[PDB]
Amino acid sequence: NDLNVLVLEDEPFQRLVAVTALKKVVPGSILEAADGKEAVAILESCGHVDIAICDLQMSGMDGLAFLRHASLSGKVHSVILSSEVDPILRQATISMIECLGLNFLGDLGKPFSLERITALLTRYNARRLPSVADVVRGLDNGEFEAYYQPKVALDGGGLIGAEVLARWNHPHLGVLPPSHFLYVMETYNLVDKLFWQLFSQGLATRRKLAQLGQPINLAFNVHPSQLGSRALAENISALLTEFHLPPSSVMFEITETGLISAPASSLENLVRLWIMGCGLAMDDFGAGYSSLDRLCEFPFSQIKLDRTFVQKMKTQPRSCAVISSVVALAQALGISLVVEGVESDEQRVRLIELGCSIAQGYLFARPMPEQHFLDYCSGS
Amino acid sequence: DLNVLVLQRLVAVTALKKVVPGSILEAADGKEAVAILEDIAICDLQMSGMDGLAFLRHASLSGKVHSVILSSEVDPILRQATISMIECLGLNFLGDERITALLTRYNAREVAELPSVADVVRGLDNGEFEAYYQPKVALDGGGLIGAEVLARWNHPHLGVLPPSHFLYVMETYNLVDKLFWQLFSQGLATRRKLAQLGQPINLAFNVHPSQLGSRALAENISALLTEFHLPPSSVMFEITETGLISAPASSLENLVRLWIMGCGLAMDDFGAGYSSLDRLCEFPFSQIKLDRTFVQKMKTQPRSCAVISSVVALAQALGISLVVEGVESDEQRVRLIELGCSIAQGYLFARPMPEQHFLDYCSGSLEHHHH
Amino acid sequence: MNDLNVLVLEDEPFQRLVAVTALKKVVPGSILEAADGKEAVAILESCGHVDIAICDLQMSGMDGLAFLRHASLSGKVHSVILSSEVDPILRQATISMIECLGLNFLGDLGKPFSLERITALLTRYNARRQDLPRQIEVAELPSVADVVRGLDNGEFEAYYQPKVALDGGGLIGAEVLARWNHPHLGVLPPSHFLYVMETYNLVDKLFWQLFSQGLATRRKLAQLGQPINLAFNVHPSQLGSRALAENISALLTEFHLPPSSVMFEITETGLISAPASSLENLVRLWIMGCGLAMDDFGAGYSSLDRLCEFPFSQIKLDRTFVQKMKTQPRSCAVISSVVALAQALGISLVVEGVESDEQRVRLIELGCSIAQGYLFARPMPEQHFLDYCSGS
Amino acid sequence: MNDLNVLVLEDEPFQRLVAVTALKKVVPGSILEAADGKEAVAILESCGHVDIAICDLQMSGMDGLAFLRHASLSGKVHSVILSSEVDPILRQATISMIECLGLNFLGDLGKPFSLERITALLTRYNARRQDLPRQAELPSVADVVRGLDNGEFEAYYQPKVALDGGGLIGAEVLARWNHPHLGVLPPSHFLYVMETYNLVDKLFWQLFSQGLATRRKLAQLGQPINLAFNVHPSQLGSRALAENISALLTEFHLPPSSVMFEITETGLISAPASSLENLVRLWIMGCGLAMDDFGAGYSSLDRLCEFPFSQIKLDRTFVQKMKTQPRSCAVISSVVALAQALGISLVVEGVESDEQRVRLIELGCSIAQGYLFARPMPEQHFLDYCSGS
Ligand SMILES: [Mg+2]
Ligand SMILES: [Mg+2]
Ligand SMILES: [Mg+2]
Ligand SMILES: [Mg+2]
């Protein structure tokens, strides 16, 4: 009311029947393409397209490449498939449409039953938690921004470094945390993609900080799956070069858990980064069995313990004992320890009493976007 | 007749001008060693070492060094990783006078060893891996229905090698993807010739399970098919039943795109789980294949025959093809025909061949059929 | 949000520890732990509700799925998370199978078990909590103790289900099936006791009670000139005892019965999961001359190869195969392959769960020959069964 | 390339089936399956040689590392393949730890087994078949059963001492076989088997009453040295343990406080809650409790609402690693810090040279065991040792 449908249908009689069925039910314009090249030109100059329709059973490798064109244009919202999808590959097909960053509206067979074209229109406008399609589009569209949380010294004011955190400017929900997209990115293998957007932003921020005479070390989280990648280390350097920042300006964090399930060849990237001089933190330390055995076998330059140690100090003396033990450990290996989630002064002094040097939490600073951080940094 | 580059820099070099008979070059950094071109590179790898990590890197794709002694005895804790890191560049790793001990080791370096990681990375980089082709044939008559594309290494000293001598390496070092694209385009080229000889014959490529998780496998396959002006159905992709079991969660995206494109999809080593019949049901493979042990155990085991029968019925009821592997003799060829099998691979027809042998096999076979 | 309730089923103490440690950090509420069926059913019995069960679908020490089935009958469980992110092709089928139990599928946990991922699944749960069916403590799921006393008070009766030819309904044999004459709940099928008996090693006790009620009946049939063989289910655990085959033979002799008058049935999963030492009893029953049937068949072929000679005279197709015929027609191809298999081995095929005549005709069309199900005859107590066995 | 014997250890029957199915297609030889230890050991005894053991170090109903240790001593096993690619950082330690047993490590299998990866490991095996071995009389199951049924096991005692001085604090009670033919044997030659055939408990009640006889002597003498007895996880099962321990202490006129129980970290981790209730019961009774073999990490601390341990003991390997693995010194430091902050004692084991006695002092360690001070002794020697002090 009024919609804008684009049908891709090669076979001319089929085209004829389809479009004619669409006139009856579809309030609004309708466009027509006899192949990929003609459809990609209807795109090359048109506004929004509410629904794209094409036939994946009949063709085939054209239909797929089209949908990508549909995807790349940024101009299409939803998809109806003009053949019935096989029950056994239903979810496969939907998921495939959604990794294009298109919404799957539905499917139906030629010649179209008119009641079925209504069902899907009603359903469509009825769409007026984020979906897979949403995440992919958000990512293909530079909506993801880097946030910054400082690692400060507990005693004094301090400013030692920062953890780069992923946030998403949602056009309707606003700023969101990883739990609302990492699932999707994790499941569909977009983590790498997000990583490189953020790593670039992060280095740009690192430059502005070097321009300002600030030794703020920027720490990035690396997903274990990336650790298996052939050229991660070689790509991190190429960018560190392109940006004229030195290795040591920068640090990569990997959880203890994720390090457990990491791919056979993870070490090839890890020796790289270590030699290079990049700092390497083992994050959420104390999560597996052999935590102490791990530090032994890999020269991590930092250890981080998480929100729960701090919270548990007061009510649970065993936490204090392990905080102290860890302090000793970092102390004896000559590396840094960051204690996360400090929210109160009580907590802060206790940590000092125990021996901890670095912290993060809402006491000092919540995660911040580039500018608020830069301002924060101009001040210590 | 012996080359040394190295990169206190004077202690080892007078200790070298006392040892190595030949041409001794030298440089202070990457840039100056990269110019020092116009056999052995000794290396300090607590250079820490991005400069310590520019050097070896041109060196490797330059084809300008073969072997690497480090100028430092690194911390045993990441000695393995560091060795993997060298070798992964395609450079051989000798070690850390113990000095002269390894310089005559490899100036000399007979039942000889399995290839090193470095060996395999090199061969991969220097076009030494070649597609071979084994025909799928109509048991009744003499094919020719298709061909499987296999990987062999034209190793410079050892001759032709089967995957046992390189695939572990590539799997552990995430190099299988790189081999696949090499052999895939080789196979597409052969498929052109095959059309050009009037023999449209489907070619099947084995896909490694890890590859199915890769973001744009199917689309690349798609682009490449367009480049070679070949239709999707001239090509097939085979994945082992167990491989599919261990496959990444994203795998179905690639499989559905291939199916939708119209390439064939074969489930290879059918029956190796655990859920075999259930799995066939949930995905529409156009072909399943039996391991060669099924045909071998046909004399001893009435059971082997039974499962062949069962699978023959399974494929005919799904309207898909069945390939039986391991056909080594004529008596097992006729037994297979009683059982209702139709397509086969095996030594009786042809072991895997390099392109030209395969083409000549094809010509001959066509000529035989026409009489 | 509140006292979330999470039960983790994990066999392997180091995975359990990793998982539990991660859950403690992030889950608001209690984390419960089970290493085996016994802990798991105990935890279930004492709990009022279990909001999320985290389950590993292949364990050595526990059948995860069987616990889920039992759990679904309890009323107490909202949702399931799987800790094996396995098998892409079979993933939908695995989901639906969970969903047909009553259960809600939340997602899979990775074998990392990343804290971020965990909170996603919790937010996800928490957004569904209301829309989910109420948790009630169903009193119809007899407790372990309660099962244990029934089994000590002679209230388990043998029922008999005929196996018949598909064209006609001519009698061929029958399976003996366990029913519980529950003092106050009525007559219960295996859904209501078998899983408990399996988990507390009480199956062997049930088998000896039913096996002799059955031989009694087989004796009466012989006397009637009715050559109907009776088939008894042997659970894999029972194969544990080196003397099973010898105990079975002493008992057959005691009842004046030849081995050929009887058959034993083991599931495919059971046969697969048994140590070779244990598989030696089947070889023995086979040599004695008993029939042997491999039960709930249909999954693949690798069970054919466990033993030097295939000891089985019969194969039975899993009940679900008839239901899937319309629902998923590719399953007709498996029925065909299994028909072809049985014929090639020269053994018989039974197809179970035949309820309508439209199924009967299709099964005949596929080449099936012997069948069990509601369409022909319900499980009967002895006298109804005996009377049924007068009509040819 | 033929007549191999391959042993597959696999807990989980579908995984075992897949592996065995793959193995039969490709191995020229025999494929032997073991679903547990009871089966692994039996296959071991009948076998005479096993070319390759395929083994999962992370199983539920079988300890894969234990079995490999036992196989290593039998000298019947050449190579190992691991059925998991687990843990890239800890991989080199794992390989070394295996090679230190005297087994050649071949590689990992992807734990749904590929055919071409099997024949690869096969070609690797063949290449390495004639390599130089390494390192010894292993008694059989039958032998252990009769040995045990015939009172051949004796209690030995190892003092726990102050690292400076040599002051006596306590003693661990140890097991030794007084074997009719091959002499005095340590647990390396019997415990694994007892562990896997449900015989440990029987060994325990013998040595416990032997140890009680010795404590009671010490107590009549007014020499209060607590004796620590190792408890195996399986025994935590029987809910009667503590009643039975309490009843013996009574029979011997001793209080709970005179005695201590030791349990390994991995033992503690492997245990159902139903079992840890038993540990608590001993602690409520007033027995001492130690966690043996400590130092992997911190996860053990959080299994019970109350930590029931008064003592923590590091493994021999730590003293040993001090040189060839300097980083481990940090962990000792760390454990010292832990133990101290917890207000419990820390025992370091396997101290040989006074050189390494000095470093432990630096690091902060106080209590110890090892050959520097006193080697395990039979009753009477130990009774005299104590008399000195
Ligand atoms: Mg982090
Ligand atoms: Mg193949
Ligand atoms: Mg049955
Ligand atoms: Mg001890």
Side-chain angles (χ1 to χ4, degrees), chain A residues 56-65 68 81 83 85-100 186-190 192-193 225 228-231 233-234 236-237 240-241 246-248 263-278 296-299, chain B residues 45-54 57 74-89 117 171-175 177-178 210 213-216 218-219 221-223 225-226 231-233 248-263 281-284:
Chain A
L56 289 198
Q57 186 193 343
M58 255 19 262
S59 196
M61 57 170 286
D62 288 332
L64 270 5
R68 196 139 52 262
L81 292 162
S83 52
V85 320
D86 205 320
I88 61 162
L89 292 191
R90 180 141 183 106
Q91 284 305 303
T93 318
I94 288 171
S95 279
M96 182 226 265
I97 304 296
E98 265 146 36
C99 299
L100 291 180
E186 237 156 30
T187 309
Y188 294 101
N189 190 180
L190 317 165
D192 221 45
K193 178 154 185 162
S225 55
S229 150
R230 235 333 67 168
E234 293 212 17
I236 274 157
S237 41
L240 287 175
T241 297
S248 73
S265 65
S266 282
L267 279 199
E268 207 271 322
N269 279 323
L270 286 168
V271 256
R272 291 269 191 190
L273 294 173
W274 183 64
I275 308 250
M276 284 172 64
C278 298
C296 263
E297 299 291 322
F298 199 93
Chain B
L45 275 173
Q46 207 196 350
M47 260 296 306
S48 258
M50 236 183 104
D51 322 2
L53 256 11
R57 1 324 142 198
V74 276
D75 256 315
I77 64 162
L78 271 56
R79 189 226 184 79
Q80 206 47 45
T82 312
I83 288 153
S84 298
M85 185 212 279
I86 301 307
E87 270 159 356
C88 271
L89 293 172
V117 185
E171 284 185 337
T172 73
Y173 295 98
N174 237 225
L175 308 166
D177 168 71
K178 166 169 189 152
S210 79
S214 151
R215 194 68 318 232
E219 326 217 38
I221 285 168
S222 184
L225 284 164
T226 292
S233 72
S250 38
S251 301
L252 283 208
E253 211 225 60
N254 272 305
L255 287 184
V256 193
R257 288 167 160 277
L258 291 161
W259 181 58
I260 289 170
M261 282 160 67
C263 315
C281 271
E282 292 291 309
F283 197 86

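Order of the sequence lines fixes the chain letters, A, B, ..., with proteins taken first and strands second; residue numbering starts at 1 for each chain. Note that these values count all heavy atoms, side chains included, but never hydrogens, waters or copies made by symmetry.
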**Fill in**
Assert top hit (heavy-atom pairs under 4.5 Å, partner chain A, pool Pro231(B), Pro232(B), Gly49(B), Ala81(B)) equals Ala81(B)
**Message:** Quick check for you: among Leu45(B), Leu225(B), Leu53(B), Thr226(B), which has the greatest number of heavy-atom pairs under 4.5 Å with chain A?
**Reply:** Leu53(B)
**Asked** At a heavy-atom separation under 4.5 Å, does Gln57(A) approach chain B through its side chain, its backbone, both, or neither?
**Response** neither
**Side chain, backbone, both or neither of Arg68(A) within contact of chain B (heavy atoms, under 4.5 Å)** = side chain
Would you compute the distance between atom [atom1] of [X] and atom [atom2] of [Y] and round it to the nearest 0.5 angstrom?
| X | Y | atom1 | atom2 | value |
| --- | --- | --- | --- | --- |
| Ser84(B) | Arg272(A) | OG | CZ | 11.5 Å |
| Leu100(A) | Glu253(B) | CG | CD | 7.0 Å |
| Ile260(B) | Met61(A) | CD1 | CE | 13.0 Å |

**Fill in**
Note: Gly213(B) and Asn189(A) closest approach over all heavy atoms is O-OD1, 3.4 Å
**Region of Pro284(B) in contact with chain A, defined by heavy-atom distances below 4.5 Å** = both
**Item:** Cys263(B) versus chain A, the contacting section by heavy-atom distance below 4.5 Å
**Value:** neither
**Request:** Please assess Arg215(B) against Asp192(A) for the test side-chain contact (heavy atoms from CB on, under 4.5 Å), listing each intermediate value before the final yes or no.
**Result:** CA-CA 11 Å; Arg215(B) 194 68 318 232; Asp192(A) 221 45; over 6 Å; no
**Message:** For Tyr188(A), is there any backbone N or O sitting under 3.5 Å from a side-chain donor or acceptor partner on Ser250(B)?
**Reply:** no
**Message:** Please identify, among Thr187(A), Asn269(A), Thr93(A), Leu89(A), the residue contributing the most non-hydrogen atom pairs under 4.5 Å to chain B.
**Reply:** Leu89(A)
**Prompt:** Below 4.5 Å, heavy atoms only, C-beta onward: do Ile88(A) and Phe283(B) meet side chain to side chain?
**Reply:** no
